[PDB]
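First comes the structure, then the notes that go with it.
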Amino acid sequence: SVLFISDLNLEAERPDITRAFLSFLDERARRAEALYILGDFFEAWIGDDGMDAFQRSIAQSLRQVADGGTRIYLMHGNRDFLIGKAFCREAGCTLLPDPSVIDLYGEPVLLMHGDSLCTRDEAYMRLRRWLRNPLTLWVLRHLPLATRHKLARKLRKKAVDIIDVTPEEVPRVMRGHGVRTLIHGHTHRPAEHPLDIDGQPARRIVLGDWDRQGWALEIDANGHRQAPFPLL
């Protein structure tokens with residue numbers, strides 16, 4: 001089977017989420033063929049050069065799972081888009097771009113964090129565009145850590161208040177990628193939504209966020225299920 005999770009927002013000051021995630025690795029991800037993490041894995045990320053002990057402990061725990069044979073894939077979210085190849089090498093995972101199409105039991109499946117669909121938030125679309133620009137990334141690379149923290153603070157300054165996807169964007173992007181299944185996170189509204197693309201049934205599955213309870217979507221060749229479980 002294959003596991004999909006997102007929107008954990010890991011941080012040292014939420015040890016309930018940390019304990020839930022680490023046990024999830026031990027009890028479920030170890031036995032899975034693959035684990036996909038679709039963005040907002042960490043609550044913040046200043047860059048791989050600035051990893052602290054907490055963030056390195058999570059790389060170590062991923063790496064134990066990867067060394068045991070489970071393939072792990074990590075995709076950026078709005079909070080942790082500066083995660084890099086160095087972190088992924090430590091963790092033994094593969095960094096997937098947003099968007100990515102994978103083969104899932106013989107079907108092409110589109111994966112995204114989900115914020116790029118939320119196009120009604122115009123201010124955020126403009127900021128996201130700047131943050132993802134290679135030139136921005138280059139300049140960020142060349143800023144000292146302190147100044148990057150200064151910028152994070154400046155930029156920093158419930159689900160209902162997170163803008164949800166633009167409905168029409170969903171079939172548009174699924175059609176363009178040649179898929180009938182999309183899995184994403186970001187909106188904190190876990191669900192499965194059917195839709196129709198050019199007369200064929202399709203589905204959009206939204207992953208749950210871990211602020212109150214853990215979530216995982218598990219898929220095998222015979223079906224799938226997303227359900228919550230307690231953090232403690």
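Residue numbering restarts at 1 for every chain of the structure tokens, chains are lettered A, B, ... in their displayed order, and ligands are numbered from 1 as they appear.
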
Residues of range 4-175 of chain A in alpha helix (DSSP H), written as a ChimeraX atom specification: /A:15-27,53-67,85-91,122-131,134-141,145-156,169-175

Which polymer residues have any atom within 9 Å of an atom of residue 188 in chain A, counting only C-alpha atoms, with same-chain residues fewer than 6 positions away left out, as an mmCIF file with N, CA, C and O atoms, in the first residue's frame?
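Resulting contents of result23.cif:
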data_model
loop_
_atom_site.group_PDB
_atom_site.id
_atom_site.type_symbol
_atom_site.label_atom_id
_atom_site.label_comp_id
_atom_site.auth_asym_id
_atom_site.auth_seq_id
_atom_site.Cartn_x
_atom_site.Cartn_y
_atom_site.Cartn_z
ATOM 1 N N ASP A 7 0.434 18.706 5.662
ATOM 2 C CA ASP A 7 -0.119 19.675 6.595
ATOM 3 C C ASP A 7 0.080 19.171 8.041
ATOM 4 O O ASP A 7 -0.843 19.263 8.899
ATOM 5 N N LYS A 158 -7.998 29.324 11.267
ATOM 6 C CA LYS A 158 -8.904 28.186 11.100
ATOM 7 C C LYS A 158 -9.140 27.835 9.636
ATOM 8 O O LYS A 158 -9.004 28.694 8.756
ATOM 9 N N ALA A 159 -9.524 26.576 9.391
ATOM 10 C CA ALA A 159 -9.827 26.092 8.040
ATOM 11 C C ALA A 159 -10.744 27.060 7.282
ATOM 12 O O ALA A 159 -10.479 27.383 6.128
ATOM 13 N N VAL A 160 -11.816 27.518 7.939
ATOM 14 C CA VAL A 160 -12.770 28.438 7.310
ATOM 15 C C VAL A 160 -12.079 29.683 6.726
ATOM 16 O O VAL A 160 -12.474 30.178 5.662
ATOM 17 N N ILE A 162 -8.947 29.726 5.596
ATOM 18 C CA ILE A 162 -8.047 29.369 4.500
ATOM 19 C C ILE A 162 -8.874 29.377 3.220
ATOM 20 O O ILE A 162 -9.896 28.706 3.154
ATOM 21 N N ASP A 164 -10.343 28.368 -0.142
ATOM 22 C CA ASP A 164 -10.439 27.018 -0.721
ATOM 23 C C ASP A 164 -10.174 27.069 -2.231
ATOM 24 O O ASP A 164 -9.995 28.142 -2.788
ATOM 25 N N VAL A 206 -8.761 15.259 -0.843
ATOM 26 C CA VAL A 206 -8.085 16.314 -0.079
ATOM 27 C C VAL A 206 -7.621 15.696 1.277
ATOM 28 O O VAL A 206 -8.402 15.007 1.929
ATOM 29 N N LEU A 207 -6.357 15.908 1.625
ATOM 30 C CA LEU A 207 -5.781 15.331 2.842
ATOM 31 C C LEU A 207 -6.084 16.220 4.063
ATOM 32 O O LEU A 207 -6.196 17.432 3.949
ATOM 33 N N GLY A 208 -6.140 15.610 5.236
ATOM 34 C CA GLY A 208 -6.437 16.356 6.463
ATOM 35 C C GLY A 208 -5.159 16.908 7.125
ATOM 36 O O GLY A 208 -4.060 16.409 6.875
ATOM 37 N N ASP A 209 -5.313 17.954 7.941
ATOM 38 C CA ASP A 209 -4.175 18.589 8.613
ATOM 39 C C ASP A 209 -4.100 18.048 10.049
ATOM 40 O O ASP A 209 -5.100 17.602 10.601
ATOM 41 N N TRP A 210 -2.918 18.086 10.653
ATOM 42 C CA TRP A 210 -2.698 17.387 11.923
ATOM 43 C C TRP A 210 -2.801 18.262 13.190
ATOM 44 O O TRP A 210 -2.273 17.909 14.256
#

Gap from CA of residue 43 in chain A to CA of residue 15 in chain A - Å, one decimal: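 Calculated distance between CA of residue 43 in chain A and CA of residue 15 in chain A is 12.9 Å.
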
Shell of 8 Å around range 83-90 of chain A, only C-alpha atoms, local chain residues under 6 positions omitted, as a PyMOL selection string: chain A and resi 45+47-48+59-60+63+76

Pick from A:44, A:3, A:101, A:135, whichever lies nearest to residue 148 in chain A using only C-alpha atoms: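 That would be A:44, the residue with the smallest distance to residue 148 in chain A.
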
Test item: residues at most 8 Å from range 169-177 of chain A, only C-alpha atoms, excluding those fewer than 4 positions along its chain, as a list in words: residues 101, 110, 117, 165, 181, 182, 195, 196 and 197 of chain A

Within 12 Å of range 150-155 of chain A using only C-alpha atoms, minus same-chain residues under 5 positions, as a list in words: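 Surrounding residues, per the criterion: residues 44, 45, 46, 47, 79, 80, 82, 124, 127, 128, 131, 140, 143, 144 and 145 of chain A.
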
Which of range 53-220 of chain A DSSP labels strand (DSSP E or B), written as a ChimeraX atom specification: /A:71-75,94-96,100-104,107-112,181-184,191-197,200-206,213-220

Among the residues A:228, A:34, A:211, A:74, the one that comes closest to residue 11 in chain A [using only C-alpha atoms]: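 Looking at the shortest contact to residue 11 in chain A, the residue is A:211.
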
Distance in Å - CA of residue 37 in chain A versus CA of residue 107 in chain A: 19.1 Å
